[PDB]
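What follows is a single structure, written as structure tokens, with notes after it.
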Amino acid sequence: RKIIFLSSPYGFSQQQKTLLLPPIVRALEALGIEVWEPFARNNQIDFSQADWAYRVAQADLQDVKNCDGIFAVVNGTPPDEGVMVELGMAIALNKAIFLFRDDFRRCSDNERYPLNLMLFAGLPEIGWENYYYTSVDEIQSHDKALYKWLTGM
Amino acid sequence: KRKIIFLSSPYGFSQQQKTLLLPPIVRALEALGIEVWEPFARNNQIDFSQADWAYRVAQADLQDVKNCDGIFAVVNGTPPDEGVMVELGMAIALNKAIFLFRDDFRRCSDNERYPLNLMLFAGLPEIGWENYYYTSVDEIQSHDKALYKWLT
Amino acid sequence: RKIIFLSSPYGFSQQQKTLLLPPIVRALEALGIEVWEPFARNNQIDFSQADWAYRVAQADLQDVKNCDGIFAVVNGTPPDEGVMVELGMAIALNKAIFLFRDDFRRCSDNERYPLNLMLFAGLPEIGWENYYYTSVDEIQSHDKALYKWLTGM
Amino acid sequence: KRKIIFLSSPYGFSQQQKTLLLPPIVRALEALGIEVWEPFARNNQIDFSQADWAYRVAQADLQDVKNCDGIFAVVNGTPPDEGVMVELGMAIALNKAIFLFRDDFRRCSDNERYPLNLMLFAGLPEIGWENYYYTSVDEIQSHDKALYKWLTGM
Ligand SMILES: Nc1ncnc2c1ncn2[C@@H]1O[C@H](CO)C[C@H]1O
Ligand SMILES: Nc1ncnc2c1ncn2[C@@H]1O[C@H](CO)C[C@H]1O
Ligand SMILES: Nc1ncnc2c1ncn2[C@@H]1O[C@H](CO)C[C@H]1O
Ligand SMILES: Nc1ncnc2c1ncn2[C@@H]1O[C@H](CO)C[C@H]1O
């Protein structure tokens with residue numbers, strides 16, 4: 001099975017972590033994907049020791065190296081800095097890239113993209129919108145990049 | 001052959017910041033004998049009247065991070081700029097040298113170890129990461145900090 | 001019946017609108033408060049005409065003038081600029097102030113408060129944290145400011 | 001007697017920004033004959049060794065906004081700074097004169113009319129709001145913009 005790293009800032013808010021993440025994980029898993037979600041995958045880190053921050057950093061770094069694609073939740077103004085670092089790692093490692101934003105605000109300096117142009121550096125010049133999801137219900141669309149990627153095209 | 005530093009900042013988005021904040025930093029770096037690639041300057045030959053300009057700038061910045069020796073990332077703001085963060089993650093994944101700059105005294109973090117989100121330090125060592133972390137322009141040329149030591 | 005203006009950024013994201021806001025609305029309503037939620041209250045605006053943005057701004061401004069207190073959701077780094085404007089209006093108009101933040105990141109310019117000191121300018125020097133709620137489940141606590149407000153204590 | 005501008009900005013948080021970005025804006029406003037109240041400077045005499053300093057600064061800033069004639073809000077960033085936004089909201093509710101400054105060319109808005117969150121413009125008129133919206137330091141001096149009309153009763 002293809003491995004998706006689900007990069008989001010939803011683990012920082014108790015309510016967001018509980019209500020927002022599980023539905024996205026389920027949509028992904030219904031496509032046959034193995035989902036790596038960093039907040040859940042790090043729940044067994046000894047939050048006691050002071051080095052936990054460095055341990056989590058390295059664990060997330062390895063999960064990106066070892067995933068097949070990244071599903072980056074890029075809601076908010078601006079998108080979360082941890083998601084962006086992990087997205088930049090994904091781009092540089094030639095992983096598949098999928099972006100999610102159901103926030104309807106536009107926040108960018110260019111007409112082409114709704115966000116800072118670097119978020120799109122790992123996507124094609126034409127047809128990048130096919131990798132850009134704007135609702136949870138769209139994740140399972142057979143006409144979007146995630147489905148096509150699983151099934152060849 | 002000079003070492004090449006990609007100077008990643010959000011300062012080009014503001015007319016005033018572009019004019020007054022970047023030159024002092026570029027000059028401090030050039031003083032060390034570094035070749036500075038500053039993405040806003042490096043893309044001023046682009047035709048910003050064509051809609052494809054955004055993709056061309058993305059690919060330029062992507063290529064310049066690939067081709068640099070290290071990144072000097074201005075990570076001021078709450079949060080740090082998302083373009084800088086993508087470029088920083090690229091630099092980490094490609095084993096470039098990493099240097100961080102924050103002269104913002106606000107602390108904005110999940111953890112007690114680091115003043116920012118822990119991912120920004122994933123490419124720095126567990127011990128002694130502070131030596132790569134600059135908190136004022138006047139500190140950039142310090143011979144006790146990681147950028148000078150890396151050059152030599 | 002006391003009127004709370006529930007100020008939040010959650011109407012900008014489809015998922016956050018449907019999943020995060022109703023639970024907070026219900027917790028406030030269970031205390032016996034009349035909740036004014038600006039995204040719901042503006043859904044009968046004619047959004048085809050360009051001036052809709054001005055109409056929403058004035059309707060929001062009036063709701064804050066006419067409420068008794070503000071319940072400001074100040075998750076995020078930084079908190080939402082619209083919420084902050086409205087918080088600022090509430091402070092100047094001597095409305096009662098209640099803050100909600102279940103995001104565990106600390107992001108502040110000072111040792112005393114968990115956020116930018118100006119968010120607390122309308123709270124008392126002593127006991128400001130009694131107005132600062134950290135989980136949805138805490139909203140109904142008999143020991144916090146909303147309840148004291150409703151029982152005159 | 002000079003009109004009083006409260007110059008609200010996040011530039012005091014960064015050593016370089018405080019040193020290089022604020023004085024040119026202060027000078028621009030003073031060139032119009034305005035008295036400028038810049039909160040990072042006005043609070044330099046607070047005793048920052050006592051933990052209550054944050055409460056004293058908050059109250060001092062709150063009082064300055066009550067006592068000013070208008071606010072000049074530097075609303076650069078994505079998003080604009082939350083302390084600036086609180087003070088802007090105070091100024092709107094207190095019927096102060098409102099002037100916004102953004103030389104950030106990123107557009108970051110919920111709507112097609114305004115370049116930023118619509119609530120920042122709630123204190124400005126429906127028509128001609130852009131006359132109060134400055135996009136460069138050099139434009140502060142413009143006799144066609146709101147600061148100058150304000151000072152000449154036009
Ligand atoms: N405290 C934390 N726990 C787990 N992942 C974290 C984290 N802080 C940052 N990250 C990583 O960066 C992203 C959110 O900032 C997603 C996650 O992989
Ligand atoms: N319009 C632009 N011009 C140049 N670089 C840009 C840019 N938008 C984003 N970037 C890249 O991403 C970072 C700033 O967000 C630094 C820069 O290299
Ligand atoms: N459509 C809208 N645009 C901006 N702000 C809005 C809004 N509807 C409601 N608001 C109020 O303004 C703040 C959101 O930015 C909090 C919210 O209560
Ligand atoms: N010394 C200081 N430290 C932090 N915030 C300060 C400050 N002086 C003033 N403030 C207020 O903090 C707010 C941050 O934008 C606005 C500003 O008026």
Side-chain angles (χ1 to χ4, degrees), chain A residues 5-12 36-43 45 47 52-53 56-57 59-61 63-64 72-73 78 80-86 105 108-110 116-119 121, chain B residues 6-13 37-44 46 48 53-54 57-58 60-62 64-65 73-74 79 81-87 109-111 117-120 122, chain C residues 5-12 36-42 45 47 52-53 56-57 59-60 63-64 70 72-73 80-87 104-105, chain D residues 79 105-106 109-111 117-120 122:
Chain A
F5 182 88
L6 169 55
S7 189
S8 86
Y10 284 166
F12 296 122
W36 287 353
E37 194 284 289
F39 291 99
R41 280 176 66 92
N42 278 290
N43 65 8
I45 297 268
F47 204 103
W52 74 261
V56 172
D60 293 356
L61 185 155
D63 282 356
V64 172
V73 173
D80 177 88
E81 62 267 25
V83 178
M84 294 302 83
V85 170
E86 288 163 354
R105 301 168 294 174
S108 95
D109 72 341
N110 69 87
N116 181 304
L117 54 87
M118 291 299 312
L119 278 75
Chain B
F6 185 83
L7 171 56
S8 175
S9 76
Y11 282 167
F13 292 123
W37 291 355
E38 193 284 289
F40 292 96
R42 271 180 73 93
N43 278 273
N44 66 10
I46 284 189
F48 298 90
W53 73 262
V57 163
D61 292 357
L62 184 158
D64 285 353
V65 167
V74 175
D81 178 83
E82 63 271 28
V84 175
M85 294 299 87
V86 172
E87 288 154 2
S109 171
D110 0 307
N111 61 103
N117 187 297
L118 54 83
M119 292 306 311
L120 281 68
Chain C
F5 181 82
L6 171 38
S7 175
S8 80
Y10 286 167
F12 294 122
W36 288 358
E37 198 280 303
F39 296 94
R41 279 171 69 87
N42 281 287
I45 277 275
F47 294 105
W52 74 259
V56 170
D60 286 359
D63 281 2
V64 177
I70 181 168
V73 176
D80 178 269
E81 56 274 28
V83 178
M84 296 297 87
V85 171
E86 290 166 357
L87 177 56
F104 72 81
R105 300 169 293 176
Chain D
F105 70 77
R106 295 168 297 178
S109 153
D110 43 3
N111 70 90
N117 178 301
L118 56 87
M119 287 299 302
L120 280 69

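Every chain is numbered from 1 and lettered A, B, ... according to where its sequence line falls, protein lines coming before strand lines. Just so you know, these numbers use all the heavy atoms, side chains as well, and skip hydrogens, waters and symmetry mates. Read the numbers this way: they start at 1 and go in the same order the structure lists the ligands and their atoms.
- The shortest non-hydrogen separation linking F104(C) to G11(A) is CE2-O, 3.6 Å.
- Ranking the protein heavy atoms by distance from atom 7 (C) of ligand 2 puts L117(A) CD2, 3.8 Å first.
- In this structure, atom 4 (C) of ligand 2 lies nearest to the protein heavy atom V57(B) CG1, 3.5 Å.
- Looking only at side-chain heavy atoms (C-beta outward), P79(B) and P78(A) come within less than 4.5 Å of each other.
- Residues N117(B) and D80(A) are in side-chain contact: their nearest non-hydrogen atoms beyond the backbone lie under 4.5 Å apart.
- At under 3.5 Å, a nitrogen or oxygen of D60(A), whether backbone or side chain, sits near a nitrogen or oxygen of ligand 1.
- Listed by atom number, the atoms of ligand 3 under 4.0 Å from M119(D) heavy atoms are 5 (N), 12 (O).
- Proximity of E86(C) to ligand 3, defined as any heavy-atom pair under 4.0 Å, is confined to the side chain (atoms from C-beta onward).
- Annotation for ligand 1: atoms under 4.0 Å from non-hydrogen atoms of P38(A) are 16 (C), 17 (C), 18 (O).
- Taking the side chain as every heavy atom from C-beta outward, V83(A) and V73(A) never approach each other to under 4.5 Å.
- Each of the atoms 1 (N) of ligand 2 lies under 4.0 Å from some heavy atom of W53(B).
- A heavy-atom distance below 4.5 Å is not found between the side chains of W52(A) and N42(A).
- Taking each heavy atom of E87(B) and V65(B) in turn, the nearest pair found is O-CG1, 4.0 Å.
- The minimum heavy-atom distance linking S8(A) with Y10(A) is given by the pair OG-N, 3.1 Å.
- Between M84(A) atom CE and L120(B) atom CG the span is 11.5 Å, to the nearest 0.5 Å.
- The proximity of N116(A) to ligand 2, defined as any non-hydrogen pair under 4.0 Å, is limited to the side chain.
- The protein atom (non-hydrogen) at minimum distance from atom 2 (C) of ligand 1 is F39(A) CE2, 3.8 Å.
- Of all atoms in ligand 3, numbered sequentially from 1 with element shown, those under 4.0 Å from a heavy atom of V83(C) are 13 (C), 16 (C).
- Contacts between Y11(B) and ligand 2, counted as non-hydrogen atom pairs separated by less than 4.0 Å, are absent for every part of the residue.
- Here the closest heavy-atom approach between residue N111(B) and residue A53(A) is recorded as OD1-CB, 3.6 Å.
- Not a single heavy atom of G11(C) sits under 4.0 Å from any atom of ligand 3.
- With a 4.0 Å cut-off on non-hydrogen atoms, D109(A) touches ligand 2 through its side chain and not its backbone.
- Of all the heavy atoms in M119(D) and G82(C), the pair that sits closest is CB-CA, 4.2 Å.
- Those atoms of ligand 1 with a heavy atom of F12(A) less than 4.0 angstrom away are 8 (N), 9 (C), 14 (C), 15 (O).
- The closest approach between any non-hydrogen atom of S8(C) and ligand 3 is below 4.0 Å.
- Looking at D60(C), its side chain never comes within 3.5 Å of a backbone N or O of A57(C) through a donor-acceptor pair.
- For ligand 1, one of its N or O atoms has an N or O atom of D80(A) under 3.5 Å away.
- Ligand 1 places these atoms under 4.0 Å from at least one heavy atom of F5(A): 18 (O).
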